[PDB]
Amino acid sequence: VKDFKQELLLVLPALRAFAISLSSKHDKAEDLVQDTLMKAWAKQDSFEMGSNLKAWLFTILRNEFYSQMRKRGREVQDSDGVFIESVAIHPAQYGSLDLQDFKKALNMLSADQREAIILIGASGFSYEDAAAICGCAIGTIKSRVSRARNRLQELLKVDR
């Protein structure tokens, strides 16, 4: 059926934005989406009817991402010893937000804070759904959102 494919096309832009927001290396975010698409297509029949497809897709990408970080961390620990963090985002095409600066601010956050504030503040998930994605309690997400928000305000020098 063309239906699953058409549903993906709707979520795909947000899925890519999630990967870029999550990634610590600019040139690795795009492959992350590709791998997610391939895994989601294979596991498409395990998608529970009536549930959140976007949350289902984001969960796959999130878990694949942390899997890559763990693998890369092992290769770094058994080689040179340096982790590389890189930011490379083309200037805003529509508005005036300094995307490079904002991404750098996101990277100043902890991994948990960064993901939480993206899921809640940008991806449009409920506290319930974001908690399911991160595999934690609702209270945890809320505290992570609050800490991330306050840190971003100080980082981006915005009173609000």
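Numbers for residues come from their place in the sequence shown, where the first is 1.
Higher average CA B factor: 23-31, of the stretches 39-47 and 23-31.
Higher mean CA temperature factor, per the PDB entry, when comparing 112-120 with 66-74: 66-74.
Annotation for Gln100: CA B-factor lies in the middle third of the chain's modelled residues. When the modelled residues of the chain are ordered by C-alpha B-factor, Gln93 sits in the highest third.
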